[PDB]
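Take a look at this one chain, the form deposited in one PDB entry, written out in structure tokens.
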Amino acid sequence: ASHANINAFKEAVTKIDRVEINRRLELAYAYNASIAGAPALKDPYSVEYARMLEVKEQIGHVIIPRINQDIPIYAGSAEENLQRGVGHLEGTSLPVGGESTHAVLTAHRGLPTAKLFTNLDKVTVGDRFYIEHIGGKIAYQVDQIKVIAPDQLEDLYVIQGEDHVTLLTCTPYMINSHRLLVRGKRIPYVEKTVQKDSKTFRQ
């Protein structure tokens, strides 16, 4: 079902005019610029703000090759969304990258019917993950892995001059008393070449 959703997003994007894509991206950049220029983030584990990015109800998908996950991203972190894929944390930057952006994406550390971010503990610094949105695919390299208590969101705010994405889930596995944050930093990337990115192959 999720992979069906991803295929739907992909096909749909191909049918969109490039000038149309670009206008919508500009809306997202502007949105992010307001966040960067400015709070009230709330832990999802106890919407239309991103409409410009939405295609087939999704704002894109996140790929994490080390653990072979490819999961659709939905705007907002309502439990309804977290039951079917990754949620984007409202109040954080939209996941299209850029100077002074920090997008936060979250998923359950396992559900009875879906692995989701179950194996996120196996990602190590230097591993890479990727976000495909309406404008193409961007890459991040993990630079920081952190465990925090549920009431600390300071790590989730924008860092001026920088381009980050944090993958947020609960930990330890089957306990979920804390939050695991796997953060990446933007790196240059162009898809569909002979490039191989695994840390094993690298560098």
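Note that residue numbering begins at 1 and tracks the sequence as displayed. Superpose the two forms; the largest set of C-alphas matching within 1.5 Å is the rigid core.
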item	value
Third-or-more of other entries without residue 38	yes
Chain break class at residue 175/residue 176 - deposited residues not modelled	none
Average Cα temperature factor in the PDB entry - higher stretch of 122-130, 86-94	86-94
Selected stretch [higher average CA B-factor]: 180-188 or 18-26	18-26
Largest Cα B-factor, entry values, listed residues 163, 70, 143, 48	48
Identity of residue with top Cα B-factor, from 111, 78, 104, 107	78
B-factor third for the C-alpha atom of residue 137 within its chain	middle
B-factor third for the C-alpha atom of residue 147 within its chain	lowest
Residue 35 CA temperature factor, ranked by third within the chain	highest
Chain third (lowest, middle, highest) by recorded CA B-factor, residue given as residue 168	lowest
Residue 41 CA temperature factor, ranked by third within the chain	highest
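As for the form deposited in another entry, it is not shown, yet the points below apply to it.
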{"query": "C-alpha displacement of 2 Å or more between the shown form and the other one on the rigid core, among 55, 170, 142, 138", "finding": "55"}
{"query": "Distance trend in the other entry - C-alpha atoms of residue 52 and residue 89, change of 3 Å or more", "finding": "closer"}
{"query": "Closer or farther: C-alpha pair residue 54/residue 140 in the other entry, relative to this form, given a change of 3 Å or more", "finding": "farther"}
